[PDB]
2 protein chains.
Amino acid sequence: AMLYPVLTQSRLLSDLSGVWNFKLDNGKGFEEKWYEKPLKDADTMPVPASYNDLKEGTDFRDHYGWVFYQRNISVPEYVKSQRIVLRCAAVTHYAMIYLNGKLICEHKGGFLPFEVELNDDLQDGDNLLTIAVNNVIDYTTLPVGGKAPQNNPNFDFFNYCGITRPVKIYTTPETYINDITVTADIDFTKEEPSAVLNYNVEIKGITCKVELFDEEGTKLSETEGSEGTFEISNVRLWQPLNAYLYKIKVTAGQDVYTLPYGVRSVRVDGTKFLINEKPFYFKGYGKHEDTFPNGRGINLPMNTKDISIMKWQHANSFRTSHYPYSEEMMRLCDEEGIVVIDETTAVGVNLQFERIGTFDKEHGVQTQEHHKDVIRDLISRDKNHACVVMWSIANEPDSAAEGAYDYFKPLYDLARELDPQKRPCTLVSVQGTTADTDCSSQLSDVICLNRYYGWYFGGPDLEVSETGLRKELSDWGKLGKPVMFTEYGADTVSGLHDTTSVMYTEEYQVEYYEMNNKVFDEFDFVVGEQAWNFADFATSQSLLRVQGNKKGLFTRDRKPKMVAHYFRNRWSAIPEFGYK
Amino acid sequence: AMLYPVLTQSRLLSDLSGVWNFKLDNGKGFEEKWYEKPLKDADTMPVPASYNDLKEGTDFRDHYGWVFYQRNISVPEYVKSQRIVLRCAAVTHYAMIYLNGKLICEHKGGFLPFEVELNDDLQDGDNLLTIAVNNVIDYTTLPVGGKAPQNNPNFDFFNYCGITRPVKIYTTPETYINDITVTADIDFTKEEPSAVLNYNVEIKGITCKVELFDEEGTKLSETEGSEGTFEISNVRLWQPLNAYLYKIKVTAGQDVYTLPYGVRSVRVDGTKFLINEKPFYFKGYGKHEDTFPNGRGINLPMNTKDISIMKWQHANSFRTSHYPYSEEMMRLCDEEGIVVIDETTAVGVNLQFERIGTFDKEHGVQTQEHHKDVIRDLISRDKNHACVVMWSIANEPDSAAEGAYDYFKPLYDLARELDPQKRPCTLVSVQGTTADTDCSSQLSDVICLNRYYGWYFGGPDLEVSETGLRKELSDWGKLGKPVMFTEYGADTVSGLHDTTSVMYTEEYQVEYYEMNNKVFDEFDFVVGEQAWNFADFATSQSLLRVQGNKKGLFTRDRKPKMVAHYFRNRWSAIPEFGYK
Ligand SMILES: CNc1nc2sc3c(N4CCN([C@@H]5O[C@H](C(=O)O)[C@@H](O)[C@H](O)[C@H]5O)CC4)nnnc3c2c2c1CCCC2
Ligand SMILES: CNc1nc2sc3c(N4CCN([C@@H]5O[C@H](C(=O)O)[C@@H](O)[C@H](O)[C@H]5O)CC4)nnnc3c2c2c1CCCC2
Ligand SMILES: CNc1nc2sc3c(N4CCNCC4)nnnc3c2c2c1CCCC2
Ligand SMILES: CNc1nc2sc3c(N4CCNCC4)nnnc3c2c2c1CCCC2
């Protein structure tokens, strides 16, 4: 369980972000005890941020192995009173915290938070904090390092690493709040729908009371109970592009924490994805925590810029593509009313492109245990987010291979059981699968395709490509379930133009999406269009990557390609609800 | 034999270029007799020029089959006196001339001239000229159409077709000059070298006398003899970047034709490519008759612009890449002193990339007969060009396959025997061959490689790529022959920049050439560096082509990439002669 550190009367918060000392491991790093003494001949390195692009030459950009972040720490003795904790929101890949020279914590997983307490190794005076980060990826990591001394991603984005998100120090009373959970039942029956919310607070280390406020701070109800309930008639339902967030003050044993919460219902019904009992239609794109020169590092300004562009463009949703995003971005979609598809680090679980099969148990992937710890850690983190309407177990696994069904079912189950809101589960299907062959047809509530008819398939022949896409999508309808496209797009170099289009031209990109959009619009069970990608992003080099991935509607610096004006006009004529 | 039509006291010249009528064959074209009546519902189409890009939509750009050019013709009766001839300098692929409705000529081969006489079907009044052009390419065409209703080039440029070069009407006395030939012997021994030129005139249908002038029109010697000789002491030797052209007036039977000619010697000696008994070093690039929206159409202005840029850049040579260039460009290099490697249409003679082998005689290529007619027609056309120092039988054939040696030897032989100057012969070797495996090691006077260490091989690892290129080039030296690189380069999108380079960036392109150029400079038997390509050009669409081929040093409109300034600085510090 991981609550978002905030400033409360009961808890303090001090950011450690800034320029830290930094050294690339030379192999002999751990041998000598760098985590013991202050790094020598060190380099400077802002935190929070990916370090790959922040220096010059390939030696930083393409480093294999470990790096050492190092910074000094010092708390006021008058604080030992309360509990001292170190929250690392995300260290890409493996983290190893040393204080004063001793290991204190260790973590696997580059995109989710982890904490460690400091009360009993926090010395007096100036303490030597050391965070060593490893970037190696393999068949035991999610995301999955392939075989082709260098990391070779089995995924189409660059392997940005370092202290990707912030490192803070918060405190707490000795017995504290540790995990608040809230769910809602809404009775749309009444012409003025109302709702009953179920609280479930948890403490560790006494009386606990719950206060419920409205948008403006107006209190409206109170109760006591580490597992009580609450009633709200004439309830302001959170809605896509129309967020309403209540707030919640849990006072419990000299400790109080506040939580926003939006009241809405998610439910699949036949070929309809329903939000607050209405037939939604996804409009938006798959995104990437990718900016220059931050790498995958957190970027509050671009977060707001990205959401400003989405509203300008008349979109309503995005998918945390290939990894969970920052907590800040998740809260922002709550405030702004952005429907989010929250997705795990499970990309590259596919060895298809003697031959080893993906789910061979001696020579194939070794990810299921960690895949489970991710599903749990992620749902623990974002369970209370009204923006989250669905979960994505994995992006493009070899889901039509043998071993496939056996791999994923234990993970779907774990997901369906750990979501206090029992939200729809899916996985994003790669090109090649079909209704009959895809283990997703059974395990998933929503069929999410990534199809590229007009690019990989059939490009530059958009007629032949249309025939293919009708044929395949037609078949997908026989499952009687909601199907949305989570990726489709074409690599386009901003600036390349032509009257009779050729591939890579802004005109070819617009035509591609006209064909796909025409076919989408023929099937009432298509409940979503999400283009890949929102914006150009960095990938590993290869002959097929024109200085990265150029499938964005926008450039890496958020300037619109012609296609961005095509979608803005199309999405403006398509409602959040009732499109079918 | 084909003399360049010019204006002489004995012969007239009238260009037919302009906007002709034009219709795409619909299949039923030949059935109905379009070549008989005036085209109906016709379109407009400039000649000379490739027609693919001159209209909108894929229907022109990607047409499979025949098109019909049609224009009216009318000569003044007072001309029937003399012989009337129609010279088509180049109709891409197959040509079929109809006059008044009757076929008069037929041709195969899209890049060389062919004529037909008109005296006895040239009616009085207005005659209906019709030129039908076919664009289909196959295992019987040079260049070679692959299997992958559409043409699929087995070569990396777009299949531009139509009346690529001009169509004129010249006349002649009844007995006329038909082919002048001149060769030279130079006695560098004397401190003031002199030379003896051997004339060899030919007539068809009488006295013939030869006049010899100098640059400014000063006569200097005369003689009589359809096979006489001539003497020139203190001779002005044509030289790279220092052209001196004498002129030659052949008066013979009321017919006179003038010819420029430059005196120079070409001779290989060990690992030295010698021009006028000096160790030359090729500096330049492989080019393409490719401009917008002309297609492969002739372009006198860009010809002069291209040659202006070459002198600005301190280059000395270029290769007629994948097909003979226009006669105008050939004469221009004579005037301007550009060393040219004249090359045939023989590209795509390679099926490597049950499996058919290139030179299978039932299922592989069927090009050798035509390949021979090309070698003869080409040498007949350009034999007297001082700029031509070498012949290229084919670009990147599967020269290390079985059948290879048997295919090419008859063609090398035919070439070595038909060049009145016995000039060096070669063929350009694809990536994969080695000294031991390449039938070129024996048949060729100069080893011409196309290597891509840093792109296809090894990119983005320029270290590994350097190790490979040293290893391979080292081996090539064991043949004790001159080796030059006729292609090397990297696809670069003008405008993409970075401090730590990634592929496709102008910086990566400059680094690529620094590595290759460093290694080249280690081997005294490397006698040439020619980059691919001079300028960005159109190709068929595919995932590996960013709106065409972007390996130019210049953009398709002749603007320099950063790499163009790298070469200009490097080539300025490297002499035409004595570099080794
Ligand atoms: C019709 N038959 C084909 N089907 C396919 S599928 C495929 C392929 N994947 C697709 C799916 N993406 C997904 O989409 C995005 C993207 O690719 O840009 C990624 O950014 C994103 O992270 C990822 O989720 C990951 C990788 N990569 N390369 N080639 C192909 C290919 C090809 C063909 C025909 C031959 C040429 C290649
Ligand atoms: C090191 N191993 C490789 N070696 C090679 S070779 C090759 C290839 N040809 C080369 C040579 N060109 C010539 O050079 C120019 C160009 O290619 O741009 C053409 O314009 C020009 O007309 C033509 O003369 C014609 C085509 N095309 N595609 N891939 C390759 C490839 C590859 C690899 C490794 C795997 C990836 C692909
Ligand atoms: C794991 N992600 C991928 N998935 C796929 S699927 C497919 C394909 N198709 C699919 C449709 N059925 C016929 C064959 N052809 N080529 N490459 C691919 C392909 C690739 C990748 C990533 C590596 C590069 C190629
Ligand atoms: C006829 N022109 C070519 N020549 C070549 S050579 C080579 C290669 N290499 C060469 C070095 N030895 C190992 C294998 N790999 N992939 N493609 C190629 C390749 C291609 C083409 C044109 C079609 C596309 C690929």
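Cut-offs applied
- Along every chain, residues receive numbers from 1 upward following the written sequence, which is not necessarily the numbering found in the entry; those without coordinates are excluded from display.
- Note on labels: chains are lettered from A, ligands numbered from 1, in written order.
- These chains belong to a larger assembly; the numbers reported describe only the chains shown.
- The basis for every side-chain value is the complete set of heavy atoms in the structure, and neither hydrogens nor water enter the calculation.
- Residues with missing side-chain atoms are left out of burial classes, side-chain pairs and their counts.
- Stacked, tilted and edge-to-face pairs are distinguished by plane angle, under 30 degrees for stacked and over 60 for edge-to-face with tilted covering the rest, among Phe, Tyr and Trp rings (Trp via its six-membered ring) whose centres lie within 6.5 Å.
- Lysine and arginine charges are scored as sitting over a ring when NZ or CZ, respectively, is within 6 Å of the ring centre and within 35 degrees of the ring normal.
- Residues are counted as near a molecule or strand when any one of their heavy atoms sits within 4 Å of it.
- Here the Shrake-Rupley method, with its probe set to 1.4 Å, supplies the accessible areas, and only the displayed protein chains count as covering residues.
- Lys, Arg, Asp and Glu make up the charged group, whereas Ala, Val, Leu, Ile, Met, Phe, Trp, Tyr, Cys and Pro make up the nonpolar group; the residues left over, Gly among them, are polar.
- Numbering of helices and strands runs from the N terminus; a helix is a DSSP stretch of H or I covering at least four residues, while a strand is a stretch of E covering at least two.
- We call a residue buried when its accessible area falls under 20% of the maximum for its residue type, exposed when it is over 50%, and partly exposed in between, using a 1.4 Å probe and counting protein chains only.
- The contact criterion used is simple: two residues touch if any of their non-hydrogen atoms lie within 4.5 Å.
- Whenever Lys or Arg places a side-chain nitrogen within 4 Å of a carboxyl oxygen from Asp or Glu, that contact is recorded as a salt bridge.
- Expected helix span is given by 1.5 Å per residue-to-residue step, counting one fewer step than there are residues.
- It is the directions from the helix axis to the C-beta atoms whose arc is reported.
- Under this definition, polar contacts are N or O atom pairs within 3.5 Å; protein pairs additionally need one hydrogen-donor-capable and one acceptor-capable atom, and for neighbouring residues in sequence, both atoms have to be side-chain atoms.
- Their C-alpha atoms serve as the basis on which the copies are superposed by least squares.
- To count as a disulfide, a pair of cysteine sulfur atoms needs to be within 2.5 Å.
- Two strands pair if DSSP finds at least two bridges between them.
- Note on geometry: axes are lines fitted to C-alpha atoms, helical ones only across the stretch in contact, with angles between N-to-C directions running from 0 to 180 degrees.
- This count recognises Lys and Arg as positive and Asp and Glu as negative, with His and chain-terminal groups excluded.

- Its PDB header attributes the entry to X-ray crystallography and lists the resolution as 2.65 Å.

### Some thoughts on the packing of aromatic side chains
For any pair of aromatic rings, geometry is given as the distance between the ring centres together with the angle between the planes.
All names here are of chain A.
(1) Moving on: Within this structure, the stated rule accounts for 80 aromatic pairs over all chains.
(2) Moving on: Feature note: the residues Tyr 285, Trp 312, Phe 485, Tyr 488, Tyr 512, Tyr 513, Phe 520, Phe 534, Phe 554, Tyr 566, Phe 567 and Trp 571 constitute an aromatic cluster, connected by ring pairs.
(3) Moving on: When the ring centre of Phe 577 is taken as reference, the NZ or CZ atom of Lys 278 above it lies at 4.0 Å.

### With respect to the site of ligand 4
Residues and elements named next belong to chain B.
(1) Moving on: Around ligand 4 lies a shell formed by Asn 350, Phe 353, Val 430, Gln 431 and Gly 432.
(2) Moving on: A total of 510 Å² of accessible area belongs to ligand 4 in isolation, and the protein chains cover 43% of it.
(3) Moving on: Across the shell around ligand 4, the residue classes break down as 2 nonpolar, 3 polar and no charged.

### Notes on the environment of B:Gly489
All names here are of chain B.
(1) Moving on: Structurally, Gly 489 is set in the loop between β31 (483-487) and α8 (506-520).
(2) Moving on: The class for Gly 489 is buried, based on a relative accessible area of 0%.
(3) Moving on: Apart from residues no more than four positions distant in its own chain, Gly 489 is found in contact with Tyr 452, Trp 455, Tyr 512, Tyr 513, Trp 532 and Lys 551.

### What to know about the pattern of salt bridges
Residue and element names in this part refer to chain B.
(1) Moving on: Counting across every chain of the model gives 74 salt bridges over all chains.
(2) Moving on: One salt bridge in this structure joins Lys 518 and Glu 466, with 3.3 Å as the shortest N-O distance. With a gap of 52 residues between them, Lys 518 in helix α8 and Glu 466 in helix α7 (residues 462-476) connect regions that are remote in the sequence.
(3) Moving on: Assessed through its relative accessible area of 47%, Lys 518 is described here as partly exposed.
(4) Moving on: Note on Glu 466: relative accessible area 12%, which makes it buried.

### Describing α7(B)
Residues and elements named next belong to chain B.
(1) Moving on: Across its 15 residues, α7 extends 21 Å between first and last C-alpha, which sits within 8% of the 21 Å expected from 1.5 Å per residue.
(2) Moving on: Listing the buried residues of α7 in full gives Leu 462, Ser 465, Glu 466, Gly 468, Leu 469, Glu 472, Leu 473 and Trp 476. Buried residues of α7, viewed axially, fall in a sector of 165°; they line one side. Exposed and oriented more than 90 degrees from the buried face of α7 are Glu 463, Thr 467 and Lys 471.
(3) Moving on: Residues of α7 that are buried sit in contact with α6 (440-443), β30 (447-450), β31, α8 and β32 (526-531).
(4) Moving on: Where α7 starts, the residue carrying a side-chain oxygen 3.4 Å from the main-chain nitrogen of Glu 463 turns out to be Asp 461.

### Examining the site of ligand 1
Residue and element names in this part refer to chain A.
(1) Moving on: The full set close to ligand 1 counts 16 residues, and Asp 156, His 322, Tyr 452, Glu 487 and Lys 551 are the nearest of them.
(2) Moving on: The side chain of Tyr 456 places a nitrogen or oxygen atom 2.9 Å from an oxygen atom of ligand 1.
(3) Moving on: At 2.7 Å from an oxygen atom of ligand 1 is found a side-chain nitrogen or oxygen belonging to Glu 487.
(4) Moving on: A total of 690 Å² of accessible area belongs to ligand 1 in isolation, and the protein chains cover 67% of it.

### With respect to the relation of the copies chain B and chain A
(1) Moving on: With an RMSD of 0.0 Å, the fit of chain B onto chain A corresponds to turning through 180° and sliding 0.0 Å along the axis. Here the two chains are linked by the operation of a two-fold rotation axis. Taking the C-alpha atom as reference, chain B places B:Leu544 closest to the rotation axis, 3.1 Å from it.
(2) Moving on: The fraction of interface residues of chain B whose copies in chain A are also interface residues reaches 100%, indicating that both copies meet through the same surface.

### Section: helix α9 (residues 562-572) of chain A
Residue and element names in this part refer to chain A.
(1) Moving on: By the burial criterion, the buried members of α9 are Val 563, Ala 564, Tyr 566, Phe 567, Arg 570 and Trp 571. Each buried residue of α9 lies within a common arc of 155° when the element is viewed along its axis, so the set occupies one face.
(2) Moving on: Structurally, α9 contributes buried residues whose contacts are with β25 (282-286), α2 (300-313), α8 (506-520) and β32 (526-531).

### Points about the state of the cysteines
Residue and element names in this part refer to chain B.
(1) Moving on: Tallied over the full model, the rule gives 0 disulfides over all chains.
(2) Moving on: With no disulfide of its own, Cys 105 lies closest to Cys 88 among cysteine sulfurs, the gap being 7.3 Å.
(3) Moving on: Relative accessible area serves as the criterion here: at 14%, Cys 105 is assigned to the buried category.
(4) Moving on: For the unlinked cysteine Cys 333, the closest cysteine sulfur is that of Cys 387, found at 4.8 Å.
(5) Moving on: Looking at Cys 333, the relative accessible area reads 0%, which means it is buried.

### Things to note about the sheet that holds strand β14 (residues 181-186) of chain B
Residue and element names in this part refer to chain B.
(1) Moving on: In spatial order, the strands read β14-β15-β19; together these 3 strands make up an open sheet with antiparallel pairing. If you trace the sheet from one side to the other, it starts and ends with β14 and β19 (229-232), each paired once. Taken over all neighbouring pairs, the strand axes of this sheet differ in orientation by 20° on average, direction set aside.
(2) Moving on: The sheet contact formed by strand β15 (residues 195-200) and β19 spans 4 bridges and is antiparallel. Within β19, the position partnered with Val 196 by the bridge is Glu 231.

### Focus: the pairing of strand β4 (residues 66-73) of chain A
Residues and elements named next belong to chain A.
(1) Moving on: Counted residue by residue, β4 has 6 buried out of 8 residues, so it is predominantly covered.
(2) Moving on: In the sheet, strand β2 (residues 18-24) pairs with β4 via 4 bridges, with the strands oriented antiparallel. Each residue of the ladder has a partner; that of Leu 24, found in β4, is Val 67.
(3) Moving on: Where β4 and strand β9 (residues 127-134) come together, 8 bridges link them in antiparallel fashion. The residue of β9 that forms the bridge with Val 67 is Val 133.

### Section: the side chain of B:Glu328
All names here are of chain B.
(1) Moving on: Inspection of the secondary structure assignment puts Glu 328 in helix α3 (residues 327-336).
(2) Moving on: Despite being buried, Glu 328 has no salt bridge partner; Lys 168 is the closest side chain of opposite charge, sitting 4.4 Å away.
(3) Moving on: Not counting the four nearest positions on each side in its chain, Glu 328 is found in contact with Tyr 4, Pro 166, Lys 168, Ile 298 and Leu 300.

### Quick notes on unusual backbone geometry
(1) Moving on: A cis geometry characterises the amide bond from A:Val47 onward to A:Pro48, with omega recorded as 15°.
(2) Moving on: Looking at where A:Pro48 falls in the secondary structure, it is placed in the loop between β3 (43-47) and α1 (58-61).
(3) Moving on: That bond from B:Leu142 to B:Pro143 is cis: its omega, 10°, falls within 30 degrees of zero.
(4) Moving on: Structurally, B:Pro143 is set in the loop between β9 (127-134) and β10 (145-146).
(5) Moving on: Its identity is not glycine, yet B:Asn276 carries a phi of approximately 40°, on the positive side.
(6) Moving on: On the secondary structure map, B:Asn276 appears in the loop between β23 (272-275) and β24 (278-279).
(7) Moving on: B:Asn276 gets classed as buried once you look at its relative accessible area, which sits at 3%.

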